[PDB]
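Taking it in order: structure first as structure tokens, then the write-up.
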Amino acid sequence: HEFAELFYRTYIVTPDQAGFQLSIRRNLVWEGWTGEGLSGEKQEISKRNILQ
Amino acid sequence: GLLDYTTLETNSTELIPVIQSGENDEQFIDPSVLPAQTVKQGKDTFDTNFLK
């Protein structure tokens, strides 16, 4: 029927499988390295996308 | 060294926990349960303990 096919594209999967996986490449920009505070616990420096 | 297993072999790649007083005590178990056990690692002398 027209309406459902309009929004949701058909994707046939054989009954031998059980799902489909998405492997996404993503390019990043990030600064430096986790610098010592001479302490026990550390935060991670945010790794940021380039499209943003 | 053919007759001893201490002549060769050394661990300079092990990432063994090391204790520093007043800096990372919140990561190691309280020393009121089990005192720290000294370890020999290369040329270094330091104390290690279980991770809480």
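Cβ: placed from backbone, ideal geometry, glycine included. Neighbour counts: every protein chain shown. Laboratory data are not the source of any read-out in this text; all were calculated from the coordinates shown.
Can you pull the semi-axes for chain A, root of five times each eigenvalue of the Cα gyration tensor, sorted largest first, whole Å?
Sorted largest first and rounded, they come to 44, 17, 10 Å.
Can you compute the FRET efficiency between B:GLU9 and B:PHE46 using 1/(1 + (r/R0)^6), with r the Cβ-Cβ distance and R0 = 25 Å? Round to the nearest 0.05.
0.80
Report, to two decimal places, the Cα Rg of chain B normalised by 2.2 N^0.38 Å (N = number of residues).
Output field value: 1.44.
Grab the DSSP H runs of the protein assembly as shown that are 4 residues or longer, score each as -39,500 (n - 2.57), total them, divide by all residues and round the 222 nm result to the nearest 500 deg cm²/dmol.
Calculated mean residue ellipticity at 222 nm is -1500 deg cm²/dmol.
Determine the relative contact order of chain B: mean sequence separation of Cα pairs under 8 Å and six or more apart, normalised by residue count, in whole percent.
Here the relative contact order equals 37 percent.
What translational diffusion coefficient, to the nearest whole µm²/s, does the protein assembly as shown have by Stokes-Einstein, given a Kirkwood radius computed over alpha-carbon pairs, a temperature of 4 °C and 1.567 mPa s viscosity?
62
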